[PDB]
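Visitor:
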Amino acid sequence: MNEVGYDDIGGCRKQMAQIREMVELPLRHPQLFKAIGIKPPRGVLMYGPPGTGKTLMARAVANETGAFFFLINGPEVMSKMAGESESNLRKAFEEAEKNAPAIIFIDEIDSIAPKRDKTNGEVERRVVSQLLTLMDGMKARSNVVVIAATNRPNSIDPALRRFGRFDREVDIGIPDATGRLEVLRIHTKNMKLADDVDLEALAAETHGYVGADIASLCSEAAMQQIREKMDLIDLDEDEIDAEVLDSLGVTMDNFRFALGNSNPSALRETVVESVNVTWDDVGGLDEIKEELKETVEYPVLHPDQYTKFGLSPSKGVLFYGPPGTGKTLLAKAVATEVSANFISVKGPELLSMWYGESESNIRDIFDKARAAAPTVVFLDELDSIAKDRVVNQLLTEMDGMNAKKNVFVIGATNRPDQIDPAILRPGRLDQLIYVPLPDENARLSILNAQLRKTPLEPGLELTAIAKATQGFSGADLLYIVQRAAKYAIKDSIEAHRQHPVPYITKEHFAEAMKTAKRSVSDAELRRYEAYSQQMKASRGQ
Amino acid sequence: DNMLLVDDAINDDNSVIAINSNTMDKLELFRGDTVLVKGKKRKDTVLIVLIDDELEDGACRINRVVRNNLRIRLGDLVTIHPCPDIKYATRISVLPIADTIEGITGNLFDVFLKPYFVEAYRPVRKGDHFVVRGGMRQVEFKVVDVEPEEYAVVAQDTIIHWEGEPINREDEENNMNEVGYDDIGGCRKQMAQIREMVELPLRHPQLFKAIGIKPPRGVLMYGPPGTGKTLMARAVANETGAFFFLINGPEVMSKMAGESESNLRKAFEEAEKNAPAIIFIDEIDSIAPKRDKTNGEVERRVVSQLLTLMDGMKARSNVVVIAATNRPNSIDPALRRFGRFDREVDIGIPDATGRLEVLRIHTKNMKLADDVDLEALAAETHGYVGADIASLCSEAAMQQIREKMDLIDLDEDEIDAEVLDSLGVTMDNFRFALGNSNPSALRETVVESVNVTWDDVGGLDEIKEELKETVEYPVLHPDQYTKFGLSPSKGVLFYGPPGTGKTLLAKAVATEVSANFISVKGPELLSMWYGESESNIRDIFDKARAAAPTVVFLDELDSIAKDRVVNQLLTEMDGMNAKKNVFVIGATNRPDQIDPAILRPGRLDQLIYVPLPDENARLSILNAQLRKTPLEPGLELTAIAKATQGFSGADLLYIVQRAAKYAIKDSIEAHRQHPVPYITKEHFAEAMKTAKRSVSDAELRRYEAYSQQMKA
Amino acid sequence: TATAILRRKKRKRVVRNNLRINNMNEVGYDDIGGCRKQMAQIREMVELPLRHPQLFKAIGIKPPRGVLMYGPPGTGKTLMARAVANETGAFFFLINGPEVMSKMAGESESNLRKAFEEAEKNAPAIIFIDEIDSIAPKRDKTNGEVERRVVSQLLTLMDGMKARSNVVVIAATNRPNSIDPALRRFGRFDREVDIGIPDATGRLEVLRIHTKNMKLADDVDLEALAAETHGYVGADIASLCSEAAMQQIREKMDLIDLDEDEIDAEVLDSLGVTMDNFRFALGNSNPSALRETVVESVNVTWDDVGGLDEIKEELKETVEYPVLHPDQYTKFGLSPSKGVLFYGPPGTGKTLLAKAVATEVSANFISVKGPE
Ligand SMILES: Nc1ncnc2c1ncn2[C@@H]1O[C@H](COP(=O)(O)OP(=O)(O)OP(=O)(O)O)[C@@H](O)[C@H]1O
Ligand SMILES: Nc1ncnc2c1ncn2[C@@H]1O[C@H](COP(=O)(O)OP(=O)(O)OP(=O)(O)O)[C@@H](O)[C@H]1O
Ligand SMILES: Nc1ncnc2c1ncn2[C@@H]1O[C@H](COP(=O)(O)OP(=O)(O)OP(=O)(O)O)[C@@H](O)[C@H]1O
Ligand SMILES: Nc1ncnc2c1ncn2[C@@H]1O[C@H](COP(=O)(O)OP(=O)(O)O)[C@@H](O)[C@H]1O
Ligand SMILES: Nc1ncnc2c1ncn2[C@@H]1O[C@H](COP(=O)(O)OP(=O)(O)O)[C@@H](O)[C@H]1O
Ligand SMILES: Nc1ncnc2c1ncn2[C@@H]1O[C@H](COP(=O)(O)OP(=O)(O)O)[C@@H](O)[C@H]1O
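Read top to bottom, the protein sequences are chains F, A and B.
With the deposited numbering applied, the first sequence corresponds to residues 208 to 594, 608 to 719, 749 to 790, in that order.
With the deposited numbering applied, the second sequence corresponds to residues 33 to 594, 608 to 719, 749 to 786, in that order.
With the deposited numbering applied, the third sequence corresponds to residues 22 to 29, 72 to 75, 96 to 104, 206 to 556, in that order.
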């Protein structure tokens, strides 16, 4: 089937706009580049998690442009008899050239131009050389745009990423809540949905799902509805009752069951994501909030002042403090303020990179950060690695960056002494910041925020609980509220079984807090404070 | 009113079915009318209607030949419809069955068929059979071909062709696979999952048109070898009735370079042009293994061709691809994504009932002796896959033949018929076969089922209640959790003295929610650490996801919690959907020695101390263990329970086993002296004299001190 | 009934020679000794499916087809295979491993295909794939593409063979683990036989079989030679006899003039092997089976070890009763113990205790020294 217009896409305004401004104008309005006398870029390389719609984007752009389209699949081209792949490539390219304007989509290019390390096969070398020769010779040709789709940027051969080749790069990230809502609406434009559908609620619940996974979710929900209504349908009879066939209707419980039986995998690797956390779900640390605002917002939102004064913006920041203090939320808020993408790299990912068993690599992470700039790279629990190949690679990557690009590296840890002294030199993660435990007002704000999604008995003031939880990390308060909810649900289920309990009660909170604990021991807090004092004395003239 | 009872037809016509007069009235038929009868699976024919008053309402009479043709027995149910469009076969070719022409000479046509086709007008259909009594013998014939097709009537104008080779009766089943659902036992959930995704898109394709969705295409079954994956796929394909094409793995990977792609392409296009169809790719891993294994150009071009063909079919509908292998992490990962094997299915070793069903299915033709207690076999035979059960049956039969060999003479090529009629397999043969059997499914992690309740776990009632709260409520009442918007806890951890009853506790937890149970002992963890095992943590969690809900049990977690293994485990745990009911339960003896990283929230955080069994627990364990052993009447276990302070479950098991050993020693000594059917108290006294605590007080106090420190 | 088949020439002075009572093949069961149990197993698995197929029709089962023999090289695997094949008198197709592997690329699959097709056409048939390890080594051992084509072709032919066709496949390989794992599943080489080095009586039988034509001097004590030879495989015994004859002829060569092509008839008729020749041959010979772990019977009773009566009784209770009287254990439902661990000062005779335990239950003994 064809005619997949822009109306069949959602949640990808930025990348679609980039690809459109990069493809349409050279073909639709070549006279502009003649009037301004430049050479429009040819190569375009889209890469992102599998199933994000890269091929769908390419097809939509091709159809909307109304230009000759020629599809080349890496697998099928690599499946031909020896010496036939080169002939197929030469044909495809000549046919595209003769029918200008044209667009070429080399889908899964990584399968025909893999990393030079894994190109031991002679035929692989021949095919890669043929592709390189074809692309190099194409510069004479006009009105021909080549689009390549690959899983990761570090899998293709390095030789394919130079001027005159796939230079322009696009990074596809997982969609946000609005994107997921749009995907659901686009996919569920034909299903016989029931009245009680809350697509907004589904989008809120489903996190980390890519468009393909959402389509699978819709298919599974429809399958669940069919299975439920199968009791009124007999397999033996060839004919199907018209009314029963029409009576089919998808309900919310079907979608929840489909979510239960789903297997998302995009989050398994580092992926660019968008966040919308403001300075409202984070309480306290007002001085730190203001300092981070000054550090990040002004260089991004107000670059003219820095240009006037010649200041060089700080590259990265480092956070240290007791665990459970909300460093990740602070980083997300910082990313939100500058309205930039966010990349997260937990410690197990760093260990996997150290052992070289995960596909992704530090170089790939920073390449994706550059492609999706502005971004915010977040390195959690660095102390797990700064106990070094990985550290040296990270230092080289950090030193070799364009200061103008808005790439900020934010490191989190609990052992600032255990971090390598090299990482703290100027031009690197030198700006230290301590994250103290929440104060009474901070604890009250955290409790109130965490309870916005749970009914409460009227008059249940949390001030007493906040005051009775001095020195408690936010995670401990989350645990206390979770325990109270568990007690309440247990009581509700018991009452129902013996049969009431529509909301939590104060006595539930009292019982839950009767068995609470302080996550951080006093000795660790003393050492943290001692190190903070030591750092202050070194900058406290 | 097309459902009727089946009865034996007294008459001797292969194409006559009798119906009650009221039944005839309901269906609006006339005497002598020909009607089409469809039985089990896709077998159907046409028979001449007869009126018989003696027949009860909703009943019909059909001889054994019709029953064999329709794959039904006496009293079964069929669907009957009028067949007024039946024409007269102008030209029919039929050949006799080889076993029915044993010593028969002359013009078989005139001798047998001609009296059988003298204005008989017997309805015929492709592939049918009919027996005719000629002279003093009976000869069977088969409907090789008919014109016009398919169903017609043989009349005088018809031209009968009796020229052709004899039809051997063996190859109808030996060379052809016609196996229905009746040949599968011990796996019903898997069969339901496969059927609801194979039959529904094909038998009823209009439903998905009505609801406006594209049903999933690919399906990937996997499990231990010999679990019947091929048999299940064959049965589903035969029941569906669609054109079934098989693409064996080694068969396609054992041909000249550049021809394997041709075979794959031919198979796929042929299936495409005969929709609906089923394409079964047996042993997928043989042709598309993990990248690290295959490096030559041919074994990569084959994979590329397979991927291209698979991606090219999602447009066309009514075609589904079924694969098969033994591990999810034994094929190229590129095959597992949207549009390529969306659905995954895991097949595990059957439970006791499944093994009993398999034994019943296999041992339906053997000349079993009277003293057969297949229930006892099922109880004893644990970890045996269906193939191992077939091997057990074959070995038992071979042992029976060997025993009877004394009454046989190796010379000549025939045995006395009396000797053949005396072939009876007894229980001793089955026990010998069990002795010589070598099951190997358990050598690697597999999914099974458990049937342990809150009966074999004495004491620690509060622990039972806490486990119930943690596990059952999220699964049984997820609506309440949604109402409170709280995600259920993922995993739990148990710590305490060794041999205190943790494995059976995890089994009980899994049983309560009625979820499968995957076990991973310490040696498997070490083997995965050393990279000499065919399994991997990713594989374990993938199988757990496929068989969800499941309980993944990690025993002796301290041996490896001293790393790559811990990193992989942590990554798999974190990258787990919250809603999916995959609970990870760990056991250890050194809680401090366990890496702190695991004990963080969102992981194996909820710690539980398993205390040493007390007097009541000791009494319950003693009663449970002796549930299958005669005891001296009047024995009192209270004194033993009182005297067994500090003894864990393993210690009591050792005491009981030693007492039984002494009892059997005395029994055998008395027997040889030629009585001792019970275990006397003196046996237990001797065992106590030669038994002691397995845990020093130092370890107990250290564990209790650590528990108190955690409590504070 | 451990055998039940062995209890009762070669399908055949002039009359006796004709009735058999360089190509003298069709070696019968008489030409084998010291491997009675393995020969019984092979016969039970080969003859009955072919000679008397109606038994399995009557009882309603499919007889097993895959038989795989493995043991130390030189123990006579090919000898047993050929003996059984010729005795059964069925279409016998013989496939060598190295011979098939020596063909050009692409001509080593067609040979297997035609072999199996012919065996099917002329059923009943026996196919003996000698040295299967050469055409199906371990998966990691060989990565060559042809080495995978051949193995896959073999697997496809084997799986497709399973049918009513009366064709039995027999394979041999010195190392049980060398064969590809995929060849040892259901519908393939499932039944396995292990060949162990012979014992004293087996060695005597082999010696008598080989030393039946030599002009042995009347002063020969074959019993003494059988006793002395410990760990000698059949091939080693044949080499021993050949070397003894060589020594005898070398000693007699003094009277022989090599210049003359012929030799005096009287000297040629005076040849005779003496006991000292066998002693010298034993001195020269060198067995090789003991280099690797093998299976050999032992015949030590509770008389070559003194004392340890309490330990003897404990070992009896541990091992002997379950094997001899499993019925009572089944009655009581208590499974027997698996292993035991002897500890004590060195040289106390632990190995003798192990051998005595093995002999009491009439079970074969496997040994693994520390260096192994
Ligand atoms: N906005 C969207 N983003 C992502 N997927 C979408 C979107 N809208 C619809 N989809 C559906 O999601 C699935 C994406 O599959 P698609 O083949 O386009 O992804 P891909 O991983 O880029 O493909 P390829 O295999 O060609 O590299 C399709 O079902 C598409 O219909
Ligand atoms: N319910 C059952 N489950 C498992 N095996 C069964 C069952 N019923 C019968 N069997 C027998 O078990 C054996 C299963 O062999 P089968 O070839 O199906 O195994 P498999 O491991 O799926 O094969 P492969 O992967 O080689 O195609 C056959 O003997 C089959 O007859
Ligand atoms: N009972 C016996 N056991 C062992 N060897 C015997 C026996 N009787 C004779 N021999 C001799 O032992 C040698 C066995 O040779 P054979 O080729 O069978 O050995 P093999 O190592 O099993 O062979 P291969 O692996 O090459 O097929 C021959 O000399 C044979 O004559
Ligand atoms: N404003 C806040 N200040 C402190 N802790 C918070 C705040 N908001 C949430 N938290 C708690 O901290 C968690 C955020 O993760 P965080 O504590 O940063 O993890 P980590 O310390 O491992 O980086 C929340 O789940 C909650 O328990
Ligand atoms: N509730 C129980 N607590 C302790 N032991 C028990 C209990 N119920 C039964 N047992 C017995 O205790 C023995 C100890 O072995 P097992 O339970 O496997 O210990 P572990 O799993 O702790 O290593 C079991 O064989 C079983 O017979
Ligand atoms: N009753 C016995 N106690 C100790 N040694 C014995 C006894 N009978 C024989 N031996 C001798 O013990 C030797 C075997 O040594 P062994 O105990 O196997 O060494 P190790 O203890 O290192 O295994 C033989 O040479 C044999 O002569």
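All residues carry an ideal CB built from backbone N, CA and C; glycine is no exception.
1. Out of curiosity, what's the CA-to-CA distance linking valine 482 (chain A) and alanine 269 (chain A)?
2. In the DSSP assignment, what are the bridge partners of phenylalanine 277 (chain B)?
3. Going by alpha carbons, who is nearest to residue 19 (chain B) out of B:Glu302, B:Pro256, B:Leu474?
4. Which residues of chain A have a Cβ atom closer than 8 angstroms to the Cβ of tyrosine 505 (chain B), listed in chain order?
5. Is the beta carbon of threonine 633 (chain F) within less than 7 angstroms of some heavy atom of ligand 5?
6. Can you check which of these residues, A:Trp194, A:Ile393, A:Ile310, is closest to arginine 123 (chain A) by C-alpha distance?
7. Is it right to say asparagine 612 (chain A) is buried, meaning 16 or more other beta carbons lie within 10 angstroms of its own, or is it exposed?
8. Can you give me the Cβ contacts of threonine 485 (chain F) inside the same chain, cut-off strictly under 7 angstroms, excluding the 5 residues immediately before and after it?
9. So, does the stretch 51-66 of chain A touch the stretch 672-691 of chain F, judging by three or more C-beta pairs under 8 angstroms?
10. Sorry if obvious, but does the Cβ on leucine 698 (chain A) come closer than 7 angstroms to a heavy atom of ligand 5?
11. Please name the residue in A:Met35, A:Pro198, A:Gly533 whose C-alpha comes closest to that of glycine 135 (chain A).
12. By DSSP, does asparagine 548 (chain F) sit in helix, in strand, or in coil?
13. If distances are taken between C-alpha atoms only, which option among F:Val451, F:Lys396, F:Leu452 comes closest to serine 426 (chain F)?
14. Does DSSP put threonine 190 (chain A) in a helix, a strand or coil?
15. If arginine 387 (chain A) and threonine 413 (chain A) are in contact, beta carbons under 8 angstroms, what's the gap, nearest whole angstrom?
16. Compute the distance between the beta-carbons of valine 457 (chain A) and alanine 411 (chain A), then report whether it is under 8 angstroms.
17. For a cutoff of 8 angstroms on Cβ pairs, would you count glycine 371 (chain A) as touching chain B?
18. Would you say the stretch 687-700 of chain F touches the stretch 762-773 of chain F, given that touching needs at least three Cβ pairs under 8 angstroms?
19. Using a threshold of 7 angstroms, is the CB atom of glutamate 376 (chain F) nearer than that to any non-hydrogen atom of ligand 1?
20. List, in chain order, every chain A residue whose beta-carbon is nearer than 7 angstroms to that of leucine 339 (chain B).
21. Distance check for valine 211 (chain B) and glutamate 271 (chain B), CA to CA, integer angstroms please.
22. Determine whether the Cβ of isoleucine 279 (chain A) lies closer than 8 angstroms to any Cβ atom of chain B.
23. Cβ of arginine 220 (chain B) less than 8 angstroms from any chain A Cβ?
24. If you follow the alpha helix (DSSP H) that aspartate 511 (chain B) is part of, which residue opens it and which one closes it?
25. Verify the contact flag: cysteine 425 (chain A), CB atom, against every heavy atom of ligand 3, threshold strictly below 7 angstroms.
26. If you follow the alpha helix (DSSP H) that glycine 523 (chain A) is part of, which residue opens it and which one closes it?
27. Give a yes or no on whether the C-beta atoms belonging to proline 510 (chain A) and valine 545 (chain A) are separated by under 8 angstroms.
28. Among all the DSSP beta bridges, which residues are the ones paired with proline 678 (chain A)?
29. Tell me whether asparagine 461 (chain F) is buried or exposed, calling it buried when 16 or more other Cβ atoms sit within 10 Å of its Cβ.
30. So what does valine 251 (chain A) bridge to, in DSSP terms?
31. Give the single residue among A:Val451, A:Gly371, A:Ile243 whose Cα lies nearest to the Cα of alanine 242 (chain B).
32. Whole angstroms is fine: what's the gap from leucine 252 (chain A)'s alpha carbon to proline 257 (chain F)'s?
Guide: In short, the structure shows the following:
1. 31 angstroms
2. B:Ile311
3. With chain B represented from 22 up to 556, any question about residue 19 (chain B) goes unanswered, as that position is not in the structure.
4. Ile709, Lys710, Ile713
5. no
6. A:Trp194
7. buried
8. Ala540, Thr543
9. no
10. yes
11. That would be A:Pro198, whose Cα lies nearest to the Cα of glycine 135 (chain A).
12. strand
13. F:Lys396
14. strand
15. 6 angstroms
16. Taking 8 angstroms as the cut-off, the Cβ atoms of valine 457 (chain A) and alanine 411 (chain A) do not count as close.
17. Cβ-Cβ to chain B under 8 angstroms: no for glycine 371 (chain A).
18. yes
19. For ligand 1, not one heavy atom lies less than 7 angstroms from the Cβ of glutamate 376 (chain F).
20. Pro282
21. 8 angstroms
22. no
23. With respect to chain A, the C-beta atom of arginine 220 (chain B) has no partner C-beta closer than 8 angstroms.
24. 510-516
25. no
26. Neither: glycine 523 (chain A) is in no alpha helix (DSSP H) and is coded neither H nor E.
27. no
28. DSSP, once it has assigned bridges, lists no residue as partnering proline 678 (chain A).
29. Buried, because 16 or more other Cβ atoms sit within 10 Å of the Cβ of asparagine 461 (chain F).
30. A:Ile354, A:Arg375
31. Answer by Cα proximity: A:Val451.
32. Taking the straight line joining both Cα atoms gives about 20 angstroms.
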